[PDB]
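Line by line, the protein sequences are chains A and B. If you count by PDB author numbering, then the first sequence holds residues 3 to 50, 71 to 124, 131 to 494, 502 to 718, one letter each, in order. If you count by PDB author numbering, then the second sequence holds residues 3 to 50, 71 to 124, 131 to 494, 502 to 718, one letter each, in order. For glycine and all other residues, C-beta sits at the position ideal for the given N, C-alpha and C. Data first, discussion second: the structure below is written as structure tokens.
Protein chains: 2
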Amino acid sequence: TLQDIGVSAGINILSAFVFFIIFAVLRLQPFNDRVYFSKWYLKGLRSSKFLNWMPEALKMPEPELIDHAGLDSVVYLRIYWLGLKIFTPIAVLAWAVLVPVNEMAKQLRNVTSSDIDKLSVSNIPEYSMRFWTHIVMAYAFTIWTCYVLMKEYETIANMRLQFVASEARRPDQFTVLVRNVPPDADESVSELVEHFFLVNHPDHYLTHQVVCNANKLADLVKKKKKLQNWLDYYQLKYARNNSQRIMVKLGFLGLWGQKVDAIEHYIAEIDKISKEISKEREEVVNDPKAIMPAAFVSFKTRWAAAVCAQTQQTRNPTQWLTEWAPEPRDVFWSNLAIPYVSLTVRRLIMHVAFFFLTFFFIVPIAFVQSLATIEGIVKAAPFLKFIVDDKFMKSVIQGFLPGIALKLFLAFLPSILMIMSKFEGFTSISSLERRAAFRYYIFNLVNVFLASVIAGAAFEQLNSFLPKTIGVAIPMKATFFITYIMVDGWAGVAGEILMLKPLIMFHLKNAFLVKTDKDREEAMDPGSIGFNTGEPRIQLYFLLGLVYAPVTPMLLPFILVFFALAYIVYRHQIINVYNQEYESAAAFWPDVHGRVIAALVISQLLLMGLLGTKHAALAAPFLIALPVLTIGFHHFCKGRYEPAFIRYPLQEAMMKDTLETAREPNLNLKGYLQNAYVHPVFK
Amino acid sequence: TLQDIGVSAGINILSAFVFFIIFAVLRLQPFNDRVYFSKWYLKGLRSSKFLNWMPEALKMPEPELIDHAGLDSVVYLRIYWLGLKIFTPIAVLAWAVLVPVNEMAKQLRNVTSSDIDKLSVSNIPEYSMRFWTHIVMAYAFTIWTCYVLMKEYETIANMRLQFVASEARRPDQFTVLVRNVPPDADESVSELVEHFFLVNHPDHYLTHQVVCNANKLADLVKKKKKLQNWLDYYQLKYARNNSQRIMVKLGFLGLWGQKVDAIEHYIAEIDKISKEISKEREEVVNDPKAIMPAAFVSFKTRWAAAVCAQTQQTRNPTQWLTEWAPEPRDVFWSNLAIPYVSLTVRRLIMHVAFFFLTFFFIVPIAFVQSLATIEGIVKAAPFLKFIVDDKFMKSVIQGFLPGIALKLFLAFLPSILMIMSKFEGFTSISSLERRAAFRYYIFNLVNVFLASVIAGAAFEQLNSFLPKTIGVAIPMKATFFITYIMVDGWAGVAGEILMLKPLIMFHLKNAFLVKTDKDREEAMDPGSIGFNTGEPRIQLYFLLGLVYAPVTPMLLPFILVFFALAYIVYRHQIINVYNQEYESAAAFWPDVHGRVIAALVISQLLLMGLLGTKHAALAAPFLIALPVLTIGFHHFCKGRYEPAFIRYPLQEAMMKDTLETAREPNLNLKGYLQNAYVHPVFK
């Protein structure tokens, strides 16, 4: 139904262009320049007609951006350049051979009920030349994709090695985290670690740092910060207009409280919380059982740090488990209070919760796939019946409401998955987001692709009135995919550049919360690159574009548009907003390699599930080779490069430390490290 | 056909008992005591009515045997104790529930042609109670096997840790082998390694040793040794009887040579070969291009050695590849002349050769499975037709000729697989034999189990005249398995204890080759434990016993007999012969864990392939769980214990080195190590 595609594309191009215009209007205004130019303030480079920025973004080269935002963001954006590198030959050759097989003569808005139309290129049985060409194309597609990811993986590896070589000092290039300290009745954990490492690591141990469990104190200090926010807001309200409210601590859910002045209320409760903070501080600093069986341990050289990170320590591999340590900003200090014993319990519980969610969630996807000619209830006929209601507005609905509905029902999902990986326990934001991304990708591949296509094949003609079924169900699913890629591709990228919610929160806090200056830096909140959201969306688009690559080229151009548009929009954003919260130098890239490989193999399997419907069609002896070839090449690249992403060589550590000690022969490493990792709460 | 089993078992018990008798006769004779008591001569514990040894062997405890032969042999024998630990409950419960389902009422010599007999427990369709009991039994079988291998794997791990802790000094507890030295135009390989390690490993590098390529010199020195053997034999012939032969260097393939005296011949050719050895020695010691890009590198502590072994060195993981080093006796000095570039070429070529062999080899297995009522050609009727020829001798043939034929056609196969893994290139006898064992197990599982069962299902009634097929073909295959387990179980173990070929070679060399004393140690050749042969046979028996465990318990007792018999025979042998050629402290045990797991999962899959023939029989929701549970538990144990077998912890190295330096504060490590690893040819 090409007209549905047309009207949806038109309305979305319009909405995107409107969004770009409003962005120009709000950006050119300097009185809110802070939010649209968060960076250059955090970097300290500034203080205090519309498409003009599109050429502006594509000016700053790669190395300067790397120095600017960090290699993380650069590679995360390079993902899009990758995908375009895969797909542009995909688009050209798919549209160049698949369609001229003989829009000229393809599906052209057809349905399976055409049991009498009997159009030319319609079904399986023999189609020798057609099927062989399809196979040859699938083969060459996979060949090209393999070449591309091999080259890209090599480049990312070289980039990461060069970066960490030239990277300056960080207090986590020595420190290593050791898990599972076996308890002893007499010796405290700290001195256990001291003895172990003094005797086990000679000439290289420098100092350790016991991990505490102040999660209760962290909770109460967050409570204090919240209460101070409330005090400041209410005080600004009183200053602006002299009046005291009787809200019982909530206003909305506030009971029949008096709060005649409410200033004495807040000052007294703030004092109470502060003094209880004092008692909590003293008791946590005076409690051995608060000590946890882990402690950050700092070395004297990168060499020793790497060596102790990459090798086991004690006979029992569940005992004294050692691993690289993140930045003091990076480590999630609320998950070092979970003993390693209950980790697997938590992990399996979260697997259970994830399965229940990915199963409860087919109900919304089916409710979305109800996008068919079925309309509202009969009792509201005057409500849902108008002059025509079935001419063009129906194309608008079929091309618009599905996309917006699905994108609305994938709204809280990253929040839920972040909660899942958080209470799972990982202690490092980098790994938290990588895990949540993996989970969200699994969620997408299960629910919002396979569940949708199966449900669609189910609704019309009722599973064909009780392989050959999907062999006529795939195309209209390509249609729904075009609709959704529109809505949560181009319009979504527009919303990304607009930055609405941070803007409005910024203005609200300036109006009500901010009382003076120097809180602007506190007030301004550049967010983050949001890897957990950006990564799975693009991986889904890889999945969908490859699986439809030889079946229907009509999908590809929309993919290519989205890739270029997001590339440019995110380059601008990274340059000007979205500071890197942590710094994991190209950590996740093997995840990309794997997930793209997985989408590739799924593509080949589904192409099998279509083509092989004719038994003994002489197709299986080729189509089964491709999944194996993909997996074999994936192991080739895994073992050929992934080292640089998974584990740090030693000659590099030696070279880096030689150069550092040449430049700075008078660095007090011990003083620099001892106060690191103490705790955010502990000053 | 129970009578075939009976006659085969009877003749094999007789032949085994005869073999034990001849063994007693030859052992009690002291004039050949050397060969049947090879050890206690190599260990230097001795110089210069029949079942009496069976209690004698089961006296010496485990630790003393470990100190005697080595932990390798102890665990290799403990394999059998393992298997009995699995199977005894398997036998008891299989025979206790499977048969009393209701020999009393089971297959009892039936064929699929009984389309009118229509016996009770015969086919699939519903058999609710029977099939559910079969399922429950498969479940409990797998549970028990999992418990057993978990406990056994734990014990082997504890044993290996304790052993290497108490193990005394060996010149390969420091040395590490480094592969792929990147060539440089000016610097030689040795000094490249010197610079790299002095700068990269400080305070711990001790010395290296360049790997040479004297494989040509090794070949010519083996030629010299062979020629000296020929000289000694011919000289003893002349001394015994004064006569000179005219054999032209081969005798059999000897041409019309003169050899009027042939003593001047051999002395002159020996001199020529010796002087050419001299020139070869000088040119190899004076040739840079003979140097290979690898060199044995020795450290000062176990700590440093382990650290440099378990961590990558240079950016390129194909460059300077480092790995643990074996003993000077252990390393296969003929495969250090193969550059790492051509290794993968060789590996793939050997995969090709292995596939062609495992495919050409179905022809002999089918020729064996021709064991049916088909007899010799018609033209030889007086030759193959006798008074009866079809009463009892046919049972003898059907229970005897298959076993002997198959065991004869698996004769050269370990030799071929050793050649395969040798010219593949591995440099370490330990890994050579482990790889050859893996290959031989693959060969068995492909050809001599699956090919045999499929061919058998194919011959009778011609694939049932063009699942349900094997569902009546499995039993007679259990019959053929009983026959073969007989022949190459019990009789094979008898032959193992008899030690015929080393005996006869020993007597021949004493008679003809030996000229004096002090060559007895040279003359005596205890062979080796022959892991490459013993391991796959027992793994095959695991495969077969587990796959038939709930289908036909009648197989199990023969397995149990073989296990106990080989346990005792090999305990005796290990005690008294079969010195350990190398010493890999429980290296291969994870291979055992994996291969038994593989047999277990294959068992569960075949039980599926039988039981599920009734579609929707409510069996699949359980039978698919078992393979996954097995694989999951296998990863549980892998990650929970395999460390101790795959990679050496560090606290252990530190403790060992502390204790050594406490005991021997005056050990010249450098002098002790520098001359190690030089080459066997180089003194």
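Near residue i, which residues of its chain fall below 7 Å by C-beta distance, leaving aside the five closest residues on each side in sequence?
i	result
B:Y233	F225, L226, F327
B:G282	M275, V276
B:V604	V528, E531, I532
A:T386	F471, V474, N475
For the putative contact between residue i and residue j, defined by C-beta atoms under 8 Å, what is the C-beta separation to the nearest angstrom?
i	j	result
B:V121	B:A333	About 57 Å separates the two Cβ atoms, so there is no contact after all.
A:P354	A:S456	5 Å
A:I184	A:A621	5 Å
B:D358	B:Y683	In fact, because the Cβ distance is near 16 Å, the residues do not count as touching under 8 Å.
A:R463	A:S449	5 Å
A:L641	A:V582	5 Å
A:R606	A:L99	6 Å
A:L445	A:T110	Not confirmed; about 32 Å, so no contact.
B:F428	B:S10	6 Å
A:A337	A:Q237	With a Cβ gap of about 16 Å, A:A337 and A:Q237 do not count as contacting.
B:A400	B:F487	6 Å
B:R48	B:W75	Contact doesn't hold; Cβ gap of about 16 Å is too wide.
A:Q341	A:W348	4 Å
A:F668	A:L590	Not quite, the Cβ-Cβ distance comes to about 25 Å (not below 8 Å), so this is no contact.
Determine the chain B residues that contact residue i at a beta-carbon separation under 9 Å, and present them in chain order.
i	result
A:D315	Those within 9 Å of A:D315 in chain B number zero; the least Cβ separation is about 30 Å.
Could you name the residues of the same chain whose beta carbon sits closer than 8 Å to that of residue i, not counting the 5 residues immediately before and after it, in chain order?
i	result
A:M540	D560
B:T329	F202, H232, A688, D692
A:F454	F360, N363, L460, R463
B:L708	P199, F202, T203, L234, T235, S326
Identify every residue that forms a DSSP beta bridge with residue i.
i	result
B:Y233	B:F327
A:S456	A:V359
A:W172	None, per the DSSP bridge assignment.
B:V276	B:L283
B:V204	B:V325, B:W352
B:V238	B:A323
Please decide whether residue i counts as near chain B, where near means a Cβ-Cβ distance under 7 Å.
i	result
A:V164	no
A:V335	yes
A:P367	no
For residue i, return the contacting residues in chain A, with the cut-off set at a CB-CB distance below 8 Å.
i	result
B:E687	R343
B:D231	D231
Are any of the Cβ atoms in chain A nearer than 7 Å to that of residue i?
i	result
B:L189	yes
B:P678	yes
List, in order along the chain, the chain A residues whose C-beta lies closer than 7 Å to that of residue i?
i	result
B:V227	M689
Please list, in chain order, all residues of the same chain as residue i whose beta carbon is under 6 Å from its beta carbon, the five residues on each side excluded.
i	result
A:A529	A18, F21
A:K71	none
A:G105	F598
A:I88	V96
Within the present structure, is the beta-carbon of residue i separated from the nearest heavy atom of the ligand SAH by less than 6 Å?
i	result
A:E292	As far as ligands go, the structure on display features none, and thus does not contain the ligand SAH.
List the residues of chain A that residue i touches, going by C-beta distances under 9 Å, in chain order.
i	result
B:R682	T339, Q340
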